[PDB]
Structures are given as C-alpha cells and as structure tokens.
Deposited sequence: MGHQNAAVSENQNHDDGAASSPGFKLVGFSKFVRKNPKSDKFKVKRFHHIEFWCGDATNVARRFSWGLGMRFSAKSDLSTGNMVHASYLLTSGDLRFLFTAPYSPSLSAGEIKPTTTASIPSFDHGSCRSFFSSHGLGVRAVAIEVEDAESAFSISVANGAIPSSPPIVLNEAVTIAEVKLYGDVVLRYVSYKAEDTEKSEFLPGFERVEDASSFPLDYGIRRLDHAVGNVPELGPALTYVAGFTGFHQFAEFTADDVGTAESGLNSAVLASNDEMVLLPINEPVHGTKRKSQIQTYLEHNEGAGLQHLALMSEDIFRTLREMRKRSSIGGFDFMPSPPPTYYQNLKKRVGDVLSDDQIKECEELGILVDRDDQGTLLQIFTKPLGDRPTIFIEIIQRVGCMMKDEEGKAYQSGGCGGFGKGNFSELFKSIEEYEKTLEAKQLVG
C-alpha cells in the first residue's frame, strides 16, 4: 500500500567519479589538524609545509579510509613558486578566515578531466575560481564557486606533498555528503545543478528547506539548506554568508566510531548533541526491529545514535557540536544499512523523517 518511485535522469554534463578531499582553511593548521586527528581518529598522511620547501602555506593531510581532510594555513608573506596548491592565495585565505572563521574552503571531487569539467561548468553558468592547472604533468586542479566562499574543486596525495610514516582509526572510511547553507535554496539549486547537471535526489516523506543534488552514480551527494528559531539563519549570521553546514562521514561501524569519539570528548575530541529521550529508544523495536537486533538497539541508546528509515535502507546517524568557536560547521557520523548490490548512495535517506520522530519521543517522554 506504499511505493516510492525514485528517478535518475543521469544528466551529468561531465564525468564525475567520487569525492577526493576536503580542505579546511585555518589560521593555524597544526592545532586544527592535530585536534581533528585525535577526535575523528585520522592518520597524519602527508604534509606540505616548511619541512617540504613550501614557503607559502602549511597544508597537512589526515586520512581515514577513503576520507581525506586537508588543513591549510597561510605562512607569512615575508611569488608563490614553492606553493603546492596553485589556487591558494594569502589574501584570500586571511579574508576567508576573518569573515567565516574555521570552515571548509574546498569540496574536491575526482573527475575524468579537470580541464574539460572546468570549461563545461563555466559554459553552463559556473563562476570561475581557479583555471585548469597541471601539477607536474600528473594532476590537474580546477575550482569553481559553489556557494558563499566555498569552491568546488576538480581533481583528475598531490605533487609537492611528502608522505608521513611512523594505528589511529575509529571506523570512518569515506565522505558521504557535504551540506551547505544558503540564504535562498532556489537560485543556489538551479545554479549548482545548472553547471554540473546533477539531478535531485528525492527523500521519502523544521525551519529549513533541503534539496539534495547528486551525480549519476549518486556517490557525490550535495544537499543544500535554506532557512524558513531556525538553525540555518544563525549559521548565515555567524558565518557571514553561505557556507558548508556539516560533513557526513561514513563509518564502517558507527558503534566503534561513537565509542572512540565519546571517550575523547572531554580530552581534546568532539562533543555531541543532547541524546534523544529514553522513549525514543523504546520505540526502535516497532521501527527498525527487523534491521537492528535488541543488543544493537541498546548500543544506539548508550551512544545517542539517531536511527531513521527510508524506502530502501536504514540510516544510523549522530551529530557533533560545532567544530570551532562559531556555532557554524559541525560533523555528521553515519552508517547506512541495506541497498547492497556495492552499496547504493543515499541508502536510507538523510534524516528528513527524524524531526517527526524526535518530536514524537519528546512528547512521549514527557507525561511519563
């Protein structure tokens, strides 16, 4: 008596593969990358600083599976020849951090040819941010504006980077989707999907309007939020315009990651949102009992994990507190169940039907 029909026109104007990395623009990349490495459990993989000859910026790379988190901070200007990332600008980086604080600068995706995906994007309305530049005849990097001061980066770690050698792993394996807030969803949705050809990923159905753009294989998901009390309007005010709201980090085992990330919340890691009331986890039997066992439900309660369902699969998720000083960007840890055939992207939705379940649990909790 219910069926959800999802369509996929596969209208990608250029060949998009997978997410490549995320580049946080910092004021001091060392302390940001070392805190992220201890909280998320990511390994110090590569570096491009003074110890590698880079006299322009200190970029450090953290990895946990297919996830790459880059942390870039500008050196004192006292010619960016030794710079490994040619799109980096000292004036831009200082202005970005003074206007937005700690946050994501680049959302990088791997493409077949960055030079073509750049020209096709601009030919379809994309604002150019960095022209196609070939790195040592091996890698090509191009950047166009996504929203606000965040850029969409095309890659087809990097030259100039040196590997770091000499266990830090909590279960995070890849980046699922990067969500950004904009003042008006409409113009931002037609703009981004207007130069990538990304189709809308429908969700099965609070102060927000969300729409999910996705590539053909739907592994590159880009939800965008708009404020309708609203958490988004507070984000726009504190971030001084449109920016990335949160990053969803796929975990091989969300229970492993959550126990690893909660032991360290008070000793350098990350803090989480208030856990759902107990009646929320007394209602999981009549919701995902056929997916999660009774003991795995006890794990979600002890770890404060949100569990939502969809037409295809089940989504286990939780959110952290803001990563920096500003109540702006935070991190989402998810684990998707089902759609195995390789797992389909967006399996289980994103959590649209979770505000209704939290409202129902809070109204239930009370009165008891």
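Participant: Write out the missing regions of the deposited sequence in sequence order, one range per stretch.
Facilitator: Going by the record, the segments left unmodelled (no C-alpha atoms) fall at 1 to 28, 107 to 113, 192 to 201, 212 to 215, 255 to 262, 286 to 290, 404 to 410, 438 to 445.
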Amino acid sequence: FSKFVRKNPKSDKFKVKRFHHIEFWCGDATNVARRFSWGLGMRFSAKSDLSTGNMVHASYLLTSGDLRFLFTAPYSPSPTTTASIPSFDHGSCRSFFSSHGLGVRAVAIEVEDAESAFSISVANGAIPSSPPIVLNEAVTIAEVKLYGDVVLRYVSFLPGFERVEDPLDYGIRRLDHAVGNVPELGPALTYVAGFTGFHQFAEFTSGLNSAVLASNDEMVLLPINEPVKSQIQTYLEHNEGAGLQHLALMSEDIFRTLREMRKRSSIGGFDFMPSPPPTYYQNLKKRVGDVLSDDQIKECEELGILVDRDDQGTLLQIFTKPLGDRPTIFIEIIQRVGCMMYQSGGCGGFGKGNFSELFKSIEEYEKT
From here on, numbers count along this sequence of modelled residues.
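Just so we're on the same page, rigid core means the largest C-alpha set that superposes within 1.5 Å between forms.
Participant: In 8 other deposited structures of this protein, superposed by the rigid core, which stretch departs further from the shown form in CA positions, 157 to 165 or 192 to 200?
Facilitator: Per-stretch check in 8 other deposited structures of this protein: the more divergent one is 157 to 165.
Participant: Please report whether at least a third of the other compared entries leave residue 82 without coordinates.
Facilitator: Comparison shows residue 82 kept in all of the other entries.
Participant: In at least one third of the other PDB entries compared, is residue 95 left unmodelled?
Facilitator: Result for residue 95: never missing in the compared entries.
Participant: Regarding 47 to 55 and 26 to 34, which shows the higher C-alpha temperature factor on average in the entry?
Facilitator: Between 26 to 34 and 47 to 55, it is 47 to 55 that shows the higher mean C-alpha B-factor.
Participant: Using only the Cα atoms and their B-factors as the entry lists them, report which of 311 to 319 and 57 to 65 averages higher.
Facilitator: Here the higher of the two C-alpha B-factor means belongs to 311 to 319.
Participant: From 165, 162, 252, 176, pick the one with the largest CA B-factor in the entry?
Facilitator: Highest C-alpha B-factor among the listed residues goes to 165.
Participant: Between 114, 244, 108, 228, which one tops the list for C-alpha B-factor in the PDB entry?
Facilitator: Within the set 114, 244, 108, 228, 228 shows the top C-alpha B-factor.
Participant: Ranking the modelled residues of this chain by C-alpha B-factor as given in the entry, is residue 15 in the lowest, middle or highest third?
Facilitator: Middle third of the chain for residue 15's C-alpha B-factor.
Participant: In terms of the CA temperature factor given in the entry, to which third of its chain does residue 196 belong: lowest, middle or highest?
Facilitator: It belongs to the middle third of the chain when residues are ordered by C-alpha B-factor.
Participant: Comparing against every modelled residue in the chain, figure out the third that the C-alpha B-factor of residue 285 lands in (lowest, middle or highest).
Facilitator: Tercile = highest for this residue's CA B-factor.
Participant: Could you tell me which third, lowest, middle or highest, the C-alpha B-factor of residue 223 occupies within its chain?
Facilitator: Ranked within chain, residue 223 CA B lands in the lowest tercile.
Participant: Once the chain's modelled residues are ordered by C-alpha B factor and cut into thirds, is residue 263 in the lowest, middle or highest one?
Facilitator: Lowest third of the chain for residue 263's C-alpha B-factor.
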